[PDB]
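Structure record follows, encoded as structure tokens.
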Amino acid sequence: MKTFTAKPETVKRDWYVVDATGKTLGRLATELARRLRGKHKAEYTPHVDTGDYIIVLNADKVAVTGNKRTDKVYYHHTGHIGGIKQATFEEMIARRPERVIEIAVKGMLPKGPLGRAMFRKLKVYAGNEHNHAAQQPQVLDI
Amino acid sequence: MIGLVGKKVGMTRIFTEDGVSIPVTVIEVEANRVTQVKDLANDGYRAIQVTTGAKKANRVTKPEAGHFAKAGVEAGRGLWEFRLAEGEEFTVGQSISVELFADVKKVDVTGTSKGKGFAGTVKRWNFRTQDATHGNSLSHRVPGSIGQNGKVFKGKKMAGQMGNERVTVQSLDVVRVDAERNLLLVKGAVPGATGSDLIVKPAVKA
Amino acid sequence: XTXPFXX
RNA sequence: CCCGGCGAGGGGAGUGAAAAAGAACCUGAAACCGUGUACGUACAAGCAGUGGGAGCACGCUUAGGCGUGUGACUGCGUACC
RNA sequence: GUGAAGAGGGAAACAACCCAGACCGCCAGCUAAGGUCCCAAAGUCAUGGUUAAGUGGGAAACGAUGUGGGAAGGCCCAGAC
RNA sequence: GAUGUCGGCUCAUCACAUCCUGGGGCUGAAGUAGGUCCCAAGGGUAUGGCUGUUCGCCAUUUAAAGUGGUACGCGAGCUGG
RNA sequence: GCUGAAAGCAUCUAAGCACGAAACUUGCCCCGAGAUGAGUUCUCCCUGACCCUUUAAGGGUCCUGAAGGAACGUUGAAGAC
Ligand SMILES: C=CC[C@@H]1/C=C/C(=O)NC/C=C/C(C)=C/[C@@H](O)C[C@@H](F)Cc2nc(co2)C(=O)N2CCC[C@@H]2C(=O)O[C@@H]1C(C)C
Numbered sequence: 049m050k051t052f053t054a055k056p057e058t059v060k061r062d063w064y065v066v067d068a069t070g071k072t073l074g075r076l077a078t079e080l081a082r083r084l085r086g087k088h089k090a091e092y093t094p095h096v097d098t099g100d101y102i103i104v105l106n107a108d109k110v111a112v113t114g115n116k117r118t119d120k121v122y123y124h125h126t127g128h129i130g131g132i133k134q135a136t137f138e139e140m141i142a143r144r145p146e147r148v149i150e151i152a153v154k155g156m157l158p159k160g161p162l163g164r165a166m167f168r169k170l171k172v173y174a175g176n177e178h179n180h181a182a183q184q185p186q187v188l189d190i
Numbered sequence: 002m003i004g005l006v007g008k009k010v011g012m013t014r015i016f017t018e019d020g021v022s023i024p025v026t027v028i029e030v031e032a033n034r035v036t037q038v039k040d041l042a043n044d045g046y047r048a049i050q051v052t053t054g055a056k057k058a059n060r061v062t063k064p065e066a067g068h069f070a071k072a073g074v075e076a077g078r079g080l081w082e083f084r085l086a087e088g089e090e091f092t093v094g095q096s097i098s099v100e101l102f103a104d105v106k107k108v109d110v111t112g113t114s115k116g117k118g119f120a121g122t123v124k125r126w127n128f129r130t131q132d133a134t135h136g137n138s139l140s141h142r143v144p145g146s147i148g149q150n151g152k153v154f155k156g157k158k159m160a161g162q163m164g165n166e167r168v169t170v171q172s173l174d175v176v177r178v179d180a181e182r183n184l185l186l187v188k189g190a191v192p193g194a195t196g197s198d199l200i201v202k203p204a205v206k207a
Numbered sequence: 004x005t006x007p008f009x010x
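Sequence order for the protein chains is P, A and G.
The numbering used here puts the first residue of the first sequence at 49, with every later residue one more than the last.
The numbering used here puts the first residue of the second sequence at 2, with every later residue one more than the last.
The numbering used here puts the first residue of the third sequence at 4, with every later residue one more than the last.
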């Protein structure tokens with residue numbers, strides 16, 4: 049018979065909460081994408097979103113090795129001739145620390161309507177507070 | 002601190018005692034009234050909401066009627082906002098006069114510029130006109146090249162709408178303040194045509 | 004033939 | 001007989017085996033242009049398909065869970081001579 | 001020797017390089033090159049070491065108490081440097 | 001079985017091996033004024049005479065009158081010496 | 001540059017700490033919630049009767065039609081439309 053394939057109309061999606069303080073950037077976000085994609089579920093399906101919502105707190109306390117806190121550059125363009133603007137790891141945390149994890153995931157996820165839908169299941173907060181407890185979230189020691 | 006809303010009445014000449022002519026841009030700053038006083042507990046920034054002028058009864062909308070009736074203040078001709086510098090306090094229904102600019106000596110006016118409509122590169126970007134004779138073929142007041150040997154870079158200076166946009170002139174010397182007439186004599190020229198509404202705020206550039 | 008097109 | 005400009009062009013009646021033969025006439029393909037219905041489609045990037053495949057609609061089905069059409073999302077994929 | 005006249009897998013993409021010679025079909029498995037955190041199928045695997053430069057992931061003469069390791073030597077409780 | 005060539009005009013744009021302005025080290029830097037080297041590309045960066053000229057010489061200025069890439073930038077934008 | 005070991009001294013550095021340019025981030029000005037992550041505040045308007053039906057975010061009928069908008073018109077120091 050045809051191999052099992054998940055259906056997004058009747059698939060379950062759970063909620064979880066995380067604290068990245070002290071965690072390494074890549075070794076941490078690597079596990080995020082693995083979960084928002086559904087590779088940790090038995091009903092895994094590449095063309096379906098079988099992932100679990102996540103709420104990571106304390107994004108302004110990630111851990112990094114070497115001088116990446118100063119040497120790691122975050123280039124990007126605006127669509128102009130000068131365009132190119134650079135920002136070190138420190139300049140981002142102080143101004144917008146959420147984008148650090150939001151960007152690391154963007155590079156670990158597929159490129160398409162699906163990979164962008166996984167991101168939507170990702171919620172980051174620079175502090176330790178949130179207004180998502182109404183969803184009955186759970187803990188995750190990753 | 003905060004500014005005010007007025008009308009551009011025109012320009013005239015002011016003769017001093019030494020025989021000097023100071024250009025001025027008279028402004029009819031009618032008595033302003035506050036409509037809302039917002040804080041951080043609800044909105045998230047210390048500012049106010051001020052209107053002025055008047056409006057017809059059977060022409061203003063009901064939504065705004067309650068918005069103005071809430072503060073017991075007669076309707077105006079519009080609505081504006083001013084941020085507070087951590088040391089300003091006001092209350093709804095409070096009327097503000099032109100005397101607020103009594104001891105400032107400088108302001109930065111703001112208003113919409115005149116409407117030139119579809120303009121060319123010369124009228125707009127001060128482009129250099131090509132030769133009018135000596136071979137020119139239908140290319141007198143044209144731009145010329147717009148690139149290289151394969152896309153036109155963004156922001157390329159081209160023809161288009163010129164004017165009818167927000168414009169802010171800075172550091173204009175004040176000359177006189179007549180509260181009896183609700184006027185303000187600002188030195189120099191300001192954007193907008195006669196009758197247009199314009200903002201007047203103290204100068205931050207000193 | 005005459006130089007540039009088609010002088 | 002009727003609409004219409006005592007028009008063109010049409011609609012009934014009528015002839016005839018045929019008017020879905022109106023002489024712009026046997027048969028009447030395709031490109032091309034349209035009306036109607038089902039499905040899909042306005043956060044989505046590239047030879048426009050292929051493999052897999054959710055959902056929707058209809059017909060089956062003695063509910064048999066198959067087939068037809070649509071094809072969200074997804075891997076690979078740069079026409080022919 | 002391959003290509004031309006040879007697809008397939010890998011080298012990010014890349015006729016000539018590496019692996020390997022497509023009769024057709026299956027939603028069976030073991031392997032080669034090459035790889036095994038994520039995009040992206042498979043070890044955040046095991047032991048003992050090295051590097052701190054993101055070197056790795058572009059490069060010489062030449063310079064340098066970088067750093068680990070290896071065999072000696074000179075001078076050292078006659079007091080050395 | 002067509003990729004139109006110098007220069008000028010116009011409109012520009014990036015690189016930094018910096019012309020000026022900015023920040024410094026040594027100076028056979030007294031001072032003023034220079035020389036040399038380092039960091040720095042934010043903005044700015046001559047007009048005319050002769051010549052088709054780019055270039056170059058000359059005159060007079062300027063804080064300085066930068067070096068180069070862009071089909072020796074730019075003819076479906078002009079010119080055609 | 002201060003302090004200061006490694007290396008009894010010395011050293012701007014390895015840990016720590018203080019200066020430092022028209023670059024970069026800011027502050028000045030304009031666009032700006034299609035920021036599909038599609039935001040936030042205030043105020044205003046609608047408080048029907050049933051049927052049937054794959055009984056559902058279902059369909060249809062009668063009554064009801066506000067807030068407001070648009071259209072039209074007279075026009076603009078707004079404007080190609
Ligand atoms: C008496 C007439 C002069 C005569 C012209 C011959 C001729 O047949 N010209 C027609 C032009 C064809 C073009 C522009 C074809 C493009 O598709 C490809 C070219 F762009 C490539 C290219 N051309 C050149 C250099 O590179 C090149 O040298 N020329 C192009 C313009 C004329 C010139 C030339 O060939 O001149 C000759 C001189 C020398 C005797």
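Backbone N, C-alpha and C fix where the C-beta goes; we use that ideal spot for every residue, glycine too.
So for residue i, helix, strand or coil by DSSP?
i, result
"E65(A)", "helix"
"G163(P)", "helix"
"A160(A)", "coil"
"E82(A)", "strand"
"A190(A)", "coil"
"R47(A)", "coil"
"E75(A)", "coil"
"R144(P)", "coil"
"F119(A)", "strand"
"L101(A)", "helix"
"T78(P)", "helix"
"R85(P)", "coil"
"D108(P)", "helix"
"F16(A)", "strand"
"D198(A)", "strand"
"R129(A)", "coil"
"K171(P)", "strand"
"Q37(A)", "strand"
"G155(P)", "helix"
At 7 Å on the CB atoms, spell out the chain P contacts of residue i, in chain order.
i, result
"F154(A)", "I129"
Of all the options the options, which has the alpha carbon lying nearest to the alpha carbon of residue i?
i, options, result
"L73(P)", "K133(P), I151(P), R83(P)", "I151(P)"
"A111(P)", "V121(P), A77(P), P161(P)", "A77(P)"
"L157(P)", "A182(P), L170(P), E146(P)", "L170(P)"
"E139(P)", "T126(P), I129(P), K116(P)", "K116(P)"
"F52(P)", "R85(P), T69(P), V96(P), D67(P)", "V96(P)"
"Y46(A)", "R84(A), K9(A), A76(A), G77(A)", "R84(A)"
"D109(A)", "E65(A), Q95(A), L199(A), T17(A)", "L199(A)"
"residue 208(A)", "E87(A), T134(A), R182(A), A103(A)", "The requested residue 208(A) does not occur in the structure, where chain A is confined to residues 2 to 207."
"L162(P)", "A90(P), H124(P), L188(P), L84(P)", "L84(P)"
"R60(A)", "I23(A), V175(A), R78(A)", "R78(A)"
"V93(A)", "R34(A), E65(A), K106(A), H141(A)", "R34(A)"
"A190(A)", "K206(A), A133(A), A180(A), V175(A)", "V175(A)"
"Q50(A)", "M163(A), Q95(A), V10(A)", "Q95(A)"
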